[PDB]
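Letters A, B, C, D, E, F, G, H and I name the chains as they come in the text, with residue numbers starting at 1 for each one.
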Amino acid sequence: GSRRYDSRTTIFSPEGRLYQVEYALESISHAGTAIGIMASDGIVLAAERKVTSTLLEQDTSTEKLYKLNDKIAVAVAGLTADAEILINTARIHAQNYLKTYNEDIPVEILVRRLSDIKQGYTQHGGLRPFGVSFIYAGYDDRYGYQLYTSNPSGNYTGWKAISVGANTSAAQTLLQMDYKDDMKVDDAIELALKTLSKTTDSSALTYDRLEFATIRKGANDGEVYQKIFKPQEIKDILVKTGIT
Amino acid sequence: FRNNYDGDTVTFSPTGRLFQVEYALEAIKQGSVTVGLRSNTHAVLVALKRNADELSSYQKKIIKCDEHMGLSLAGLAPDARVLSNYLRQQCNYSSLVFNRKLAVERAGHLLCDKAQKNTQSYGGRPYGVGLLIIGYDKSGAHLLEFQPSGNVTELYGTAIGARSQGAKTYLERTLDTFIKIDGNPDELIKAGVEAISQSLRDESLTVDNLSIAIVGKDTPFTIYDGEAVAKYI
Amino acid sequence: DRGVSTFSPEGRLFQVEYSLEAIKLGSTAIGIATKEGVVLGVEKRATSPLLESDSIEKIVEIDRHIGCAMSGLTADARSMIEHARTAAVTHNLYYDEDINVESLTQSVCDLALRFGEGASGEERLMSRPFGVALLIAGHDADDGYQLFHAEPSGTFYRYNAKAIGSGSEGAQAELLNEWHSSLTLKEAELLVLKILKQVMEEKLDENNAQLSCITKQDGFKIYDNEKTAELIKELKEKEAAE
Amino acid sequence: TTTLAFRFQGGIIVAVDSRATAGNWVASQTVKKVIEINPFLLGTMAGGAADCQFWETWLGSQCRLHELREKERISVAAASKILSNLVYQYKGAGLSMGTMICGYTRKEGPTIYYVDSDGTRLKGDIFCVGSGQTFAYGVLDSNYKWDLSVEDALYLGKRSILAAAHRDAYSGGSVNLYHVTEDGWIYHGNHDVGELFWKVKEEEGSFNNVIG
Amino acid sequence: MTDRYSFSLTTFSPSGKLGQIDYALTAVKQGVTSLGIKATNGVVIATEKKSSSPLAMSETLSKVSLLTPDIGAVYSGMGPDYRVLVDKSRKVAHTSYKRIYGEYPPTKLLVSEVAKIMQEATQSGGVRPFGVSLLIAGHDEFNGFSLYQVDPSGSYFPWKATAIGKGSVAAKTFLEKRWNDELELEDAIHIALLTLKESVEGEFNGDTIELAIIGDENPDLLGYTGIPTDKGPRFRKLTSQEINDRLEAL
Amino acid sequence: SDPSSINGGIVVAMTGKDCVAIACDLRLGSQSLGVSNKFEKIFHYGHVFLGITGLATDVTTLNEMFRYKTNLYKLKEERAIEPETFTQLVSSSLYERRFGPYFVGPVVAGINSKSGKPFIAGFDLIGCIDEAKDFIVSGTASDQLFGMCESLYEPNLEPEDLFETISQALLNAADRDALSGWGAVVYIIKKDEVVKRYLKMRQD
Amino acid sequence: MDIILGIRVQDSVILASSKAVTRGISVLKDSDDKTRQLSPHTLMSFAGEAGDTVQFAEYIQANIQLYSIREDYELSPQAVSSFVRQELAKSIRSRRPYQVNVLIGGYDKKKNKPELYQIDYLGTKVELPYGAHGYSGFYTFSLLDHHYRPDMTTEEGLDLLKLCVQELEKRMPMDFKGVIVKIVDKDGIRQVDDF
Amino acid sequence: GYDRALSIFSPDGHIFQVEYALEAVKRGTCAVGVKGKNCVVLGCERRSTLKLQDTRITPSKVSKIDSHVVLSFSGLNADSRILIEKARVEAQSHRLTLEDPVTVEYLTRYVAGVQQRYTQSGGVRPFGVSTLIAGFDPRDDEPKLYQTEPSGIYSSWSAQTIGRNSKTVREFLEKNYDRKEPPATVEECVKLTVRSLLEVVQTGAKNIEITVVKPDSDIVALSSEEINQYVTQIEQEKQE
Amino acid sequence: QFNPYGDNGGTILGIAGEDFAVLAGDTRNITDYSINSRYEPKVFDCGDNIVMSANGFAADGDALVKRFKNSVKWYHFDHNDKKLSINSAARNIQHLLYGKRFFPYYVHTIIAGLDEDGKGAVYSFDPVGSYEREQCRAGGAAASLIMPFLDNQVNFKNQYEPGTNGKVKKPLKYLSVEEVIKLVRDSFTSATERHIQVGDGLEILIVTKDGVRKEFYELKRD
């Protein structure tokens, strides 16, 4: 019957571990690198694509930066296919909360909601877990700027600066020596590019293989404007900060 | 020693047999002996009960199904506790709707088809109990043997359970005497006790170990116990 | 891999047979039934000195005239005891009379087999049967005091005295010699405490052993720790009288 | 049908009449309108006899289930709010409920809750339900004291039903008294209202309309 | 009678990579060559006919199909798996966007509804991945022309020109050098044929090379006059005569 | 009796030379009692403006429902909703609540940034799309507004003069109706800026 | 029927309710309290149909308390009123419609503002400087139009509420038997025993 | 549906999915519970290996279920939130229908009953979490401290510890906690729980969290400064 | 437009003795103004010394009795042939009556037997559900003709001992089974003359500790 062909993707191992969730972590270590830095007055999200040929039109392309409403953007690392599914369930839950309380969703709710969806598949169902890891950059008046990473376990914790994707270890050690608490949005940009410049597989770092988006409070009246940079602002900011 | 076709009921073996239905038929050869035989006016069940140990009591073996039909189990108790409950309901479903005492023969088939639908499908333990179903309707006395395969048959007398063969031999000889004893319920119970004494492996009949039940042209289904079976040992 | 329904080549359901060994790993329950009442004795078996031993519970009231003792994996018995109070309560609601003991026991045995893989709409509410065995004690006006042993086998016998748990083999050897129909309620209490000491792996004291009786007059009562201390002092006396 | 309950120094007096009618025809004159929920709660049956007869035996089940799981007596507060949730689900399907759930725990003091098929749950100190409720109120409000002897309070209850049974049509039959103490309710016996009338007329001098 | 497969048949092999999406991407590399080029005033998509026999007609088979009047598609991989996915592509375009907003979905939009169909062929239970890769060329009002590739994984990408199938390694090398920014739909047609001539060893009749443009609108195919607001279909599959013209233009 | 006249309200909208206007009253009544004078009836998604009249609770239900579509529309496609596709959208939401609908009369007004055309449309109950280029009206006093507009309006008014025309249409109809009154909002939507004016009127 | 009265001043919302509950011929209680504390800074008075009010006020309260434990945070009164307005909208379409009216009086700590919202049973919330429901509303609104200043201190507001009730006692044809008056300011909720 | 019988008996008589669940709780960070004269104190291990991690917004190990019942946990961080959601739900449900907040023993019996349910439902893997549920019953000041586990059995303890190195902490609590006499006050008890932890944390003032819960709904978290002070005192006391 | 309640007249009477109880009822079965049957019993032996009659609507009545005998069988099969007692059955029939409550049974039911102590016990039901234990209860159409006469000859209501002038209520006795049969027979001869739905024949079922005895009497055919 059906039992013969069954993988069983929800059992414990002989040592009290979940093999299948471990392996989801492994496939996230091949995908492109993504970094987020938290300054006093904004957040930088900066991600390196896995594609780079010139026939590909990377200019209009967005596969790393998504807006969830008008205050919370996420970056993706993992299966880009899988990630679009969780993003529409998040987009919808972010909006339901605005419908029922006429007040923009706290960052803490929208992150805790996505985590439990992922948790859900390893608890029951027998479906294979999700193969995605998010960095949430968002702004709320309660704590100011906030940064959160969640992985395919569903455990999320806040951060001051974090990185998922290739060489997670190497990227964290470069940031750790340089980061300071008095950073402004100008200072953070310069540390983000430089850290991707030291880890990239290819020695050259180009404007076309980088995606980049910030959230700054320099929008008037105590508000926040999310901009996902055009390819012509990235190009100018790579010559300004002296990476090329 | 465990085969390769012992998984679910779906599997056939290359010999052609269904192994899981054969395993449930071994559940009968480890239960306790029980003997049924009928004339043309009385059916009789003689079961040897079984205690667990000394301090223990005895395990019921004869279920009053109605007031003209009753069955005795040999095998797993919870499997019978589903099949005896099901016949009760099907006997009420006839008296309610058609106002007809459910004919014994028709109740056998109804039971059979309920066993079949659990060996066709995946999942579903096959029922591991063998019943003898006696009863008296408009066509006279009837005694059925129900295998866990599902096959029901009509007999002048049978037995099931551990070392039943010694009793079933005594019924093949004396079949021609006890079949003609009509309008005399005492002697027909006497022939049934003697049958089951041939199957004992020196357990010894006792007044608390034996259980008899009769049903006839004029009697309701009634079970004798304890002091009531002292006259019949 | 085997299903959960599969028979062995002998004709026994694997899970139901394996389940019996889970009972052997449990703590000791002793039950002696007399013509004046039934006495229930249990080894609480604290696992540390920090563990508070009073919160542990192995005797529970079902109704004022039915009490229950547990041996095995005892969190499964949370589910069995909940069914029992409903059957016993729902049955006093429909017919204005307390259930028999013999009928209540059978309702919990029907419940026991319910394991499976699911088919159509039909509930199967376990994957494996209840990994716990129960000693249901109680009293009705019809058949005096009774004591039952309901196993996940799906079969129950009425017993004059049974003992299950870690010390089942050696405990029931002592009962077979010591029991007779003429025990009173105060001799059975000392007889349970004597057998509870032979199979116990600790020191016998008031904190880690519990007694319970069932009389018609007073219902089902769990002895406080104070009363149990007096009976423990009264055992040491009859063994030094000799 | 006239039932009243009122708090006092010693607990609660519950007094109920007895007569149950169908129009002109008087069906029956002995109706235990007081339902023994358990040994510590009393429920009164007023209005639609079926609804309150059935759903307060069911309520005694949920009290004895909650007493075994938690191992403590059940609040009067909790017992009433089990019952307002039951009749609220059925609302508009047409049932009629009019009860006083009366109990006396140590932590609350003597308490009454009055549950209605509208879905109303009221805490209170004097209640009165039924057709004659207005007559019972009159005698009860003028002679009510928080401090009252147990003799005088039994006798005040008995008089509130008599005052109603005389003027209103449907009530009549017989008076029942109950005294809810801490240990539970004690039943203070049945008094025929025909023989009672001449007794009260004699002692106090009350009632002059009637020549008798 | 019952379905009792609810568990994924796609698991993570112990070194990442979902085993079944790797394999399916190999059956997409066995398929027949297919390629597409984007210009500043159109898009061309072209593929080669494969013939079971000389008895089999080939005009009856559609290997290029319409999704909406402005978005056409062409595949590489398995024939059966593309047929059912084009029909599920038209329903979900009409039911969650045509009725609800009136106009026909934008091209960005439509690719995402088709990518959710693919994705849920591994997350869900009992199934295996579609054995096809799509190219989707189309035209929306606020971003011009665009060209997309939707892989059996679910990932999509905008390209300027790409190829897939067995001659995909050779074809994309040639297109890398030949493509420019200024291009006519007439010039691109000449590049699309020239490449696909190297990849097909079989007969190169204009019967058996199916080419289709998402160029500009046809007042003639609209079917009705007198509404200057409505415009014709931008898609147009070319007939066999017209393709024989551009061959003699090599 | 009718659900529309329990709470009242009136919306009107015109076009001119490259601009639209849209106006309403602020009163919110429960039949004879007047409750509030700050109840806005006009809500706006990006550069589309939507006036709703009728039963006051449907107004607030439809105002959170369209904010939900145009937000989710805006994130996925990455341009604001356009007035032409918004008309289709309003109509399809109402229509799936076919039986026992919202008791409303929406008016869509907004300059299409694509073509530059000013554009208006009105709806009613189930979801009938009233297409006009002249003026659109809704609400209790729809008969009275029709009279004012038709004699006042003339094709192509510059923005400063269209403000004079639509004030008189709203202000004279309202004073001759019982269930509309206090305060009035006129929005002059030009192609870049939006000017919002509150008008002095009779507070009886 | 009932009377529920809400007046907002410089730094307080004052709510008043009727002490009486009449089911049929008789007045049954004269001390009943028709108001539930949702939160440390939000009070909600309710009134309307028999038996339905009590069930729908305990419901709202459980959801608001659950949110407070779940995020460890207090919802502003702005957010609370939009939640209550959502629940009434649902019921009127559903099989069994509620008929309840509510005034939600609260002190937002983020803004240092008192706020008062009135939600009638259709599902129409409006923010006001003072509200009422029923036939009691008809008699109050015309005093408030005349005496009310937006800069009044808490102690004058109570002197204006003594005047509103005195007008009701003279004209309503139903007893209500005085009122329970409650204040919500920045220190929490305290009930003034005087009328 | 998906209903495979994930959990079955082995012939040794233990469920292998439940033994595997309990090994998972061993690798978890360490949480300790000790109840004084009239307080409870829950001490928890913060993994401080991490750097550049903000502590302001990061979920703690102590999550309040009600205003007088707190819950701590060891095991899988992700699965833990699933118990705490059903618990916050159960606490308001019990307030709604019976009135009166939940008593600590009842809130455990619910939570322990959920972990038991997921060991019979076909298609579900067991939970990898063991909790300490602590607090004060309403209108009483007896401290109560309970432990559940993925078998579903629950017990009250005078002191307890779950998670990694638990044998070393438990040994220290069997010597330093007199069962008759609790830590005299609230201040002595905190000094007993910190001193137990400093054996297996190998110090770090930032590593240790202390939450104290007192009668009458007083939950307070001791700040970093306070913790540091206590550690320095104990270190200096013990050092001396 | 279906009206699902019919009527079939008929009357029933239950008297509780000290060691016996009777349930009697007339056998005439009408619809409107036609007599349908002379002889049609309504009083049934249900086993266990219970007698039961549901009188009123004959189709809902016959059905209620079929389901009750179905509940007596199932009582035996589960609790090992413990005899349902009249006290028990009462709370049970309350659960069948109440099980419909939005298309109810439209019958007036009476059951009678001996309770634990061994004294006659009658229970009387309402269609909607509730039930009360009585000493004497009539039911059906002519119930309001027989009740008052019974209150005067059993309970001695409104009768005073002679020469005390209303100051000593008349002393009460116990009734013999022979005497009660004569009361019921007089009732029903009276009943026939003045009410148009009683007659053809009266059947009394007497329940003693020895079993159930039937007795059949002729009334007037007109």
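As a working rule, a contact is a pair of C-beta atoms (placed from the backbone, for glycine too) under 8 Å apart; a residue touches a chain by one contact, two chains touch by 3 or more.
Chain identities (UniProt): A = Proteasome subunit alpha type-3; B = Proteasome subunit alpha type-6; C = Proteasome subunit alpha type-5; D = Proteasome subunit beta type-5; E = Proteasome subunit alpha type-2; F = Proteasome subunit beta type-3; G = Proteasome subunit beta type-4; H = Proteasome subunit alpha type-4; I = Proteasome subunit beta type-6.
Q: I want to compare two interfaces, B-I and A-G. Which one has more contacting C-beta pairs?
A: Between B-I and A-G, the larger count of C-beta pairs in contact belongs to A-G.
Q: Which chain wins if you rank chains by how close their C-alpha centre is to the centre of all protein C-alpha atoms?
A: H
Q: State, to the nearest whole Å, the distance from the C-alpha centre of chain E to the C-alpha centre of chain H.
A: Inter-chain centre distance comes to 58 Å.
Q: Centre to centre, by mean C-alpha position, how many angstrom separate chain B and chain C?
A: About 33 Å, centre to centre.
Q: Centroid from C-alpha atoms only, then distance chain F to chain I, rounded to Å. What do you get?
A: Computed value for the inter-centroid distance: 75 Å.
Q: How many Å are there between the centre of chain A and the centre of chain F, using C-alpha atoms for each centre?
A: Taking the mean C-alpha position of each chain, the two centres sit 42 Å apart.
Q: Which residue numbers or ranges of chain C touch two or more of the other chains?
A: 3, 117-119, in rising order.
Q: Which part of chain A faces chain G closely enough to touch in the complex?
A: Within the complex, chain A contacts chain G at residues 100-103, 106, 108-109, 142.
Q: Help me check something: in the complex, which residues belonging to chain E touch chain H?
A: Residue list for chain E touching chain H: 4, 6-7, 125.
Q: Tell me, which parts of chain G touch chain H in their complex?
A: Listed in rising order, the residues of chain G that touch chain H are 58, 62, 65-66, 69-70, 72.
Q: Which residues, counting only chain I, touch chain D once they are in their complex?
A: Residue list for chain I touching chain D: 91, 94, 98, 101-102, 124, 126, 128-132, 134, 137, 144.
Q: Mind listing the chain A positions that touch chain H in their complex?
A: Residue positions touching the partner: 3, 6, 8, 10-17, 38, 108, 112, 115-116, 118-119, 122-126, 143, 146-148, 153-162, 172, 175-176, 179.
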